[PDB]
Amino acid sequence: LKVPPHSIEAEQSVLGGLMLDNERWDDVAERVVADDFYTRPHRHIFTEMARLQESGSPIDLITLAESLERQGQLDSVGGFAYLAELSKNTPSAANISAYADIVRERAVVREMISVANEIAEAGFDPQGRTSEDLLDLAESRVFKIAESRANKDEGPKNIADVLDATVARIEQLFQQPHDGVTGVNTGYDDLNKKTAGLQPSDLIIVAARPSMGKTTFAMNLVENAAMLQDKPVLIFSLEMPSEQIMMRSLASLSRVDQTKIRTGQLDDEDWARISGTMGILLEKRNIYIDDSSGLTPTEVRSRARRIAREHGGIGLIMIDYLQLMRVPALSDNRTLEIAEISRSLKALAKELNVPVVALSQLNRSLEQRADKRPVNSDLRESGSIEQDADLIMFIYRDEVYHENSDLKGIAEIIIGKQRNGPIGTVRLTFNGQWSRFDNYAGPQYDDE
Amino acid sequence: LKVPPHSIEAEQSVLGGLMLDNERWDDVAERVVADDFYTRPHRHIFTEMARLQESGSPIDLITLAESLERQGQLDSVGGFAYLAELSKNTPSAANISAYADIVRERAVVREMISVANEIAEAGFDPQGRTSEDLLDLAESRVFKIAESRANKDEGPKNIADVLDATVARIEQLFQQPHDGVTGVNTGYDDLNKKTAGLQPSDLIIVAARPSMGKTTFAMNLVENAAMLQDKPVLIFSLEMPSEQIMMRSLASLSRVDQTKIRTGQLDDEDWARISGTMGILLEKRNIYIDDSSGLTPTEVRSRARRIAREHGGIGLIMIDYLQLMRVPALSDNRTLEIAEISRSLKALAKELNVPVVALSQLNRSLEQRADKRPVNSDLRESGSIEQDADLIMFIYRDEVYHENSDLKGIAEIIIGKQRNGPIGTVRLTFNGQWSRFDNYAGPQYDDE
Amino acid sequence: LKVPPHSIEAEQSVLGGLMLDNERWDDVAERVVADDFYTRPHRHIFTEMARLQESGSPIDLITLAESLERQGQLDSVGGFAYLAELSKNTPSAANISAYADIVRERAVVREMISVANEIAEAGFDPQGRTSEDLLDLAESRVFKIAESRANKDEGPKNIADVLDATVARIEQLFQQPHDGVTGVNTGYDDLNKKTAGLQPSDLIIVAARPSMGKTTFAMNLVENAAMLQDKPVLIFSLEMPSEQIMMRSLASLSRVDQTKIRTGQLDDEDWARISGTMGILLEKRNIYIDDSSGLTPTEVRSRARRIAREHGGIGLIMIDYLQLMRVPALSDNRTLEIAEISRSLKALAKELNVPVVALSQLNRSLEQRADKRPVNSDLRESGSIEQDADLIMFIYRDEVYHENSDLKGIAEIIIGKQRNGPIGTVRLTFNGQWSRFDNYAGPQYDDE
DNA sequence: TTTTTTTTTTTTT
Ligand SMILES: Nc1ncnc2c1ncn2[C@@H]1O[C@H](COP(=O)(O)OP(=O)(O)O)[C@@H](O)[C@H]1O
Ligand SMILES: Nc1ncnc2c1ncn2[C@@H]1O[C@H](COP(=O)(O)OP(=O)(O)O)[C@@H](O)[C@H]1O
Ligand code: ALF
Ligand code: ALF
Ligand SMILES: [Mg+2]
Ligand SMILES: [Mg+2]
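Residue numbers (UniProt numbering), protein chains in the order written: chain Y, 24 to 471; chain W, 24 to 471; chain E, 24 to 471.
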C-alpha cells in the first residue's frame, strides 16, 4: 500500500503557529491553499481559519473551535481536544515559513502523483479516445501542473529589487558596445534613428491601407533582419501564400519586379543573380514560415514555444494579419476578439522576449477627411489595437491618393504611437515596380 | 492487473504484410520502429526484417526464418511455424498503414504510461530532488513525449526546406500544372486535394442550415462514391422519404430540372436521360436506404453489420441526420443523448472501417453574427460533436443572405477541422435546377 | 433534551482575562453583560466584577474572591479553588473581544429561543387574546429582539453623532497648520490649488489616449508623492514591465533623455545623475511595483492589505490600467465586470483610506467631434466609471492633433469631475525628451 | 448539458 507522502507534523505546526501568530497568516496564505493539506479535517480547519481572518477575527483555539461548532464541524475535525493538542504541539511560529514550504511541497507532490495516476488510467483504458485526444489530455494536465508550479512570486516587488534589476539591465546595455540600434536592426538607418531597431517584447504594428505594400514592407523588414541577424524568426502570413511572397523575397534582393518570376520566363542574367541568392538564404536557417489561415492564438503560441525551445528563442514574429485570426470564445464580438488576440500576442512577446510585427487594416473614414495622412484615430477595430500595441506605424503614399504629387516613391512611415520613443514621420524610397522599400537618400524635409 | 494496452492483431498483420509485400516496407518503417512493438519477439522480427531489407535480402518466410536461425533468434520469436502463421494470418497488405498507425499509437500510449509511472515514482521517491528538480524532470519527460510526435509534415520548418520545396513548385508550375491527384476520388478533385479521399473509420460531419442543400451535397457525394466504387452504399434518410431522395438523385445524375421530374412534365429527352440513369442504377444495385424515423444506434449498427456481412463490407454510410436519432435511456438529457449517439457512430465506423457521413444542424446565433460563415461552435451540442468528429465541413452560401452577391451559384465547403489534412474553403458550382454540386470552373480566388 | 447554546470555555477565558487584564473590561462591557452568561455563577461573577470596576477596585483573583465572600456569593459561584481555576484557564487576554462576541452571539440565540418558546406558549394558550392580539404580541417580541441585538449601530445614524464627527473633523483640520495639501501632494502648485492634494479614500481616474503620457503623468505623481511623504506607494504596471517603468522614472527624475538611457549612450554627467537618483530612491525605499497581468481585485486587495500591515499603511495605489484587470465571475459582461472592478476598488480605497489612481482609456468618438477635448462620455464603459470615481482628470494635447498648434509642450489637465471642487482646465509643461510633467511656467490664460 | 425569448448597457462600422 503506497501511502501518499505528507508531513502531518508540518500541518500541525502551521495550524498552531497560525493560532499563536496571525500576522504570518499571509505568509501562510501566499504559499499554501485550503486543499493543500493532506488530511481533510486539516483542510476544513484551514478553511475556517481563512473565514475567520477574512471576517477580521483573530485566529485562536477557542474562536476556531466555536466557529466549527456553529457549523457542526468541530466534531468532524476531532473536537476541541484535538485543536488544543495541535495548539500545544506547536512551540513557536518563527519557522512556520519552512513548515508551509514543506506542506506546499507535499501538496505539489500529491497533485503530481494524482495526475500521473490519471494519465496511467487513461492510458490503460483509452475509452474511445484516440491518439490525439490522449496526447492533448496529457499535455493539458502537464500545462496545468506547470502553470500551478510557475505561480510562485506573483505579487508586489520592492523598489530595491526593481531598481537593482533595472540597473543591472542598464549596466548590461552600457557594457555592450552595440553602437546604437539596441533592438533587432531593421536595416533602415533612418528608421533606426527613431526606432533604434525592433526591441524585444515589443508589439510593433504596421497598420496600412490595402494595396499599400504593407505586407511588402513587413517582409522587407523581415528579410533585412534575416540578413542582419541569425536568430530564428517566425512568419504567419495567413492572407497571402508563402509561394508568392518568396518571389517578392527574391524581388527586393535582386532589386527588380517579379513579373517573369510569376510567369514562366527564363532570363538568367538577373534571374541567374537570383539563382544563387537563394543559397544565401539557405545557409541562414532562421526563418520559419507557415501561412495557416484561420489561426487561433493558442496554436500560434504553441508553434512559437516549440520553435523557441528548439532553436533558442525567436528573432522576430510576423503576423499577417490581425483581422484574420479566429477566437472561438469571442467570435460574437469582433472588437473583443481583436482585444484578446492583441493581448495574447503581447503576452507571448513578453514571455519569449521577441519583437512581434503584426499587420492591421484601417477604416474608410481616413480617406473621407481632408487630411489623408493616417493618424492613431483611423484604425479599423479602433480601441483595442491602440490600447494594446507598443509601436504603431502608418504607411502613407501620397502618390496613391494623389497621383500628381512630389512624394512619388517616398513611402512615409508615420510613427503614430511609440511609448519609448518620439513619434513622427520617417521618409523612405519605396520601389513600386521592384516591390522594395529602401532608405530616403534625397532631401529630407522638416516635419512640421 | 493493469495489462499494458497493445494490438497483437495489428502487429501480426504488419508482419504478414511485410512478408508478402516488401515494397510497402518504407510505408511501415515510416510509422513504426523496432521498439514500438509491445511483444519483444515482434521487436526481434522487425529488427531482422530491417536487417534483411538493409542488406538487400528479400523479406519472405524462408529468408526470415533462415536469418533468425543464423542469429539463434528463431526460437526466441516462436519459430518457423509461428512465422508461417504470421504469414498466413494476413489476407492483404494494402491496409498495412492503418495497422502500423495502430501499433504506433499503442507504443505512444505505453510510453506515456511509462513516463507517468516515472513521474509517480519521482513523486513517491524524491531522492534528493527538490520541487524545481522534479518540475524540470517532468518538463523534460513531456518534452521528449512531444518530440516523439512533433508536427513533422505539419511543421513549417526553417527557410531551407520550405524554400527548396517552394522554388521547385514554382519552377514546375511556371507553365505546367502537373496535378498529383493524391486521394480517393469523391467526384470533386479540389475537395480530394485537401481531404485526400474518404478516410475509412473517420467521423465526417457535414453541417449546414436547412435549405442550403446539405442533403443535396451529401447525395452528390454518395452518387460519386457509388459510381467510383463497387462496394455497396448505405443511406439513412430520417428527415425525408426515400422516394424524394431518389428523385433528388435522379435529378442530380441526369441533370434534369427537379420541378419537371416532381410534376411529371418531362419530355422525350428528359425521359431518355431518366431511363439511362435508371439503367446505370440497376447496373449498380448497391444502394440501400432506410427511412425509418427515430432509429436507435443499436438498430443502425445491427443493420450495418448485417449488410456488411451480406456484401463483404460497406463502402459508405449516410445518415440524415444526427438530431433525429432516438435513445430512450437518454431522452431526458439531449446533450448526453447526442454525445452517446456520436460516440456509438464513431465506434461503429472504427469497427466496420467504413466512412460515415452524418448530417448536422446549426444554431440560430450564427445568423446573428456579422459573418455567417459557420464555425465549430455553431453546431447544436457542439462540445461532443467537435471532439468526436474527425473531418468537419460546413456549407456556406452568401447568395442566400445577399441577393446582389457576386458569388451566385457558388457554394463554399469550409473544412473547419481535419485531423489528416489542411483546413480551408473549397468553392463549388451549384445547380439549383438540377440540385447538383460540381467542380468550380471559375477563377480561383486566393483565400486569405 | 436540546441544550441551550453556550460556550463555557469562552466564558472562562473572558473571566480569566478580566482577572488578568481589566483594561479590556470596556471591550467586555461593550459586547456582553452579566445576563449574557449561560450559568448563573458566571452571571454573579460578572455582576461582582462590574461592581468592583464601578467602585474603582481592581478586578483580580483576590479582590473578587474577597468581594464574593463578603456578599456570601463565593460558595454559590464555585469557591476560591474554582476562581483560581478560572484565572489559570486563560493563557492570554488579547483575544477576549472575540470571546465576548461569541458569548454575545450565544446570548442572542438563547434569547431568540426563549422568545420563540414564549410565542409558542401563547399560541397553544391564546387565553382570550385574538389573532390580532397574538400577532401584536409576537411582533412586539420580535421588535424587542431586533432592538436589543442591534443596538451596536447597523442602521441609520443619529444627526447628533454625524454632527459631532464632522465638527471633530473640522476642528482637526483647523488645528492642522499646514494650510495646503490636505491630501497627498501632487507636486504641482496650480493643480493643488484646486485639488488640495490627493485625498485619502478617493477614487481618481486619469483618462487619455494611448501614448499621451497618462501613465507618464501618473508616474510623475507617484514620484512627487514619494519625494513628499514617507508612506510607501503601490504601482500596478499591467501595460509595461517594471524595468521600463523604472527607466521612465529615472528619465523623468534625472532629466535625462529616454533615448540615450534606452540605447545606453550615456555620458559621465548622465551616469552621475542616474547614480544620485538611485541613491535618493534607495534612501527612500517606499515603492512597491507589480507588473503581473490578469490580476483579480481580490489579489490586489490581499497584497494591499499585506503591504499596509507590513509598513503601517500605504500612501498611494497606482493601477495601469482599469481595463487590464480580469474577473472570472463577470467575464461574459464587460460592462458589469468594469462596474464590479470599480466598485471593489472604491471599497478598498474606503477600507484602507488610501488614494487609488487607476488609469483608463478613451473611445475614439471624441476624435470624431470637431472639439477633441475629452468629456465624461468618452471613456470606455464610462457609465459606472463616472459614478464610482471621486476625481476625474482628462489629459488633452492639441499639439498631437494640430501640427501648427501653439501649445507645443503644453498639456491640458481637465478636471471634469470633482465632488468637493469646481471643474476646469490647468495647463502643464511636458518634456517629451525627459518624459516629465512640470508646472506651466508660461503666461496664465483665462479659462472662459 | 442544450437553445430560446426578452430587456439592458457598452463598443464597432
Ligand atoms: N427547381 C429548383 N430551382 C432552383 N433551386 C431549387 C430547385 N429545387 C430546389 N432548389 C433549392 O435547393 C435547395 C436544397 O435545400 P434543401 O434540400 O431544402 O435543404 P435540406 O436538405 O435541409 O432540405 C433549396 O434551398 C432550394 O431553394
Ligand atoms: N525620446 C523621446 N523623445 C520625445 N518624446 C518621447 C520620447 N520617448 C517617449 N516620448 C513621448 O512620450 C509619450 C509616452 O506616452 P505614454 O506614457 O505611453 O502614454 P500612455 O501611458 O497614456 O499610453 C509618447 O507619446 C512619446 O511621444
Ligand atoms: F430540412 Al433538411 F436536411 F432537408 F435540414
Ligand atoms: F501605451 Al499606454 F498607457 F503606455 F496606453
Ligand atoms: Mg435535407
Ligand atoms: Mg501608459
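Ideal Cβ placement from N, Cα and C applies to all residues, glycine included.
Candidates the options: which alpha carbon is nearest residue i's?
i, options, result
"E/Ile364", "E/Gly338, E/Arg324 and E/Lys395", "E/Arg324"
"residue 472 of chain W", "W/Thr86, W/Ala143 and W/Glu262", "Residue numbering for chain W in the displayed model covers 24 to 471; residue 472 of chain W lies beyond these limits and cannot be assessed."
"E/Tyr468", "E/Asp213, E/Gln281 and E/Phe240", "E/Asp213"
"Y/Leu75", "E/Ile68, E/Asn118 and E/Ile436", "E/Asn118"
"E/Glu435", "E/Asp156, E/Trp457 and E/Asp470", "E/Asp470"
"E/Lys25", "E/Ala393, E/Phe103 and E/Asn140", "E/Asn140"
"E/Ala145", "E/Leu160, E/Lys180, E/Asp176 and E/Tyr424", "E/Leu160"
Answer yes or no: does any C-beta atom of chain Y fall closer than 8 Å to that of residue i?
i, result
"residue 11 of chain W", "No statement about residue 11 of chain W is possible, as the shown extent of chain W runs from 24 to 471 and does not include it."
"E/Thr286", "yes"
"W/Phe60", "no"
"W/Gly146", "yes"
"W/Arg366", "yes"
"E/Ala362", "no"
"E/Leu289", "yes"
"E/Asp313", "yes"
"E/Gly178", "no"
"E/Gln252", "no"
Should residue i be labelled buried (16 or more other beta-carbon atoms within 10 Å of its own) or exposed?
i, result
"Y/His65", "buried"
"E/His29", "buried"
"E/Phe147", "exposed"
"E/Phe417", "buried"
"W/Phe166", "exposed"
"W/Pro466", "exposed"
"E/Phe259", "buried"
What are the boundary residues of the alpha helix (DSSP H) that residue i is part of?
i, result
"E/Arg278", "From DSSP, E/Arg278 is part of no alpha helix (DSSP H); its letter is neither H nor E."
"Y/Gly79", "That residue, Y/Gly79, is in no alpha helix (DSSP H); it is neither H nor E in DSSP."
"W/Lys440", "No alpha helix (DSSP H) contains W/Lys440, which is instead part of the beta strand (DSSP E) from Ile433 to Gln441."
"W/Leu84", "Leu84 to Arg93"
"W/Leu339", "It is not in any alpha helix (DSSP H) - W/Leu339 instead sits in the beta strand (DSSP E) that spans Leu339 to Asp343."
"Y/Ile297", "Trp294 to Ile297"
Any C-beta of chain E sitting closer than 8 Å to the C-beta of residue i?
i, result
"Y/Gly102", "no"
"Y/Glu409", "yes"
"Y/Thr113", "no"
"Y/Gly465", "no"
"Y/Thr189", "yes"
Could you check where the beta strand (DSSP E) with residue i kicks off and where it finishes?
i, result
"Y/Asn454", "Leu451 to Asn454"
"E/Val350", "Unbroken run through E/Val350: none, as it is neither H nor E."
"W/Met416", "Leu414 to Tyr419"
"Y/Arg459", "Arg459 to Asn462"
"W/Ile31", "Premise fails: W/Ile31 lies in the alpha helix (DSSP H), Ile31 to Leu43, not in any beta strand (DSSP E)."
"E/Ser260", "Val256 to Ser260"
"E/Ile168", "Counting along the chain, E/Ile168 falls outside any beta strand (DSSP E), though it belongs to the alpha helix (DSSP H) covering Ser154 to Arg172."
Are the C-beta of residue i and some C-beta of chain W separated by less than 8 Å?
i, result
"Y/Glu262", "yes"
Checklist line | Continuous beta strand (DSSP E) assignments of at least 3 residues falling wholly in the segment 185-247 of chain W | finding: 226-230
Margin query: Just to confirm the assignment: which complete alpha helix (DSSP H) runs, minimum length 4, are found wholly within the segment 97-145 of chain E?
Written below: 102-111
Item checked: Unbroken stretches of the beta strand (DSSP E), 3 residues or longer, contained in the segment 369-399 of chain W -> 379-383
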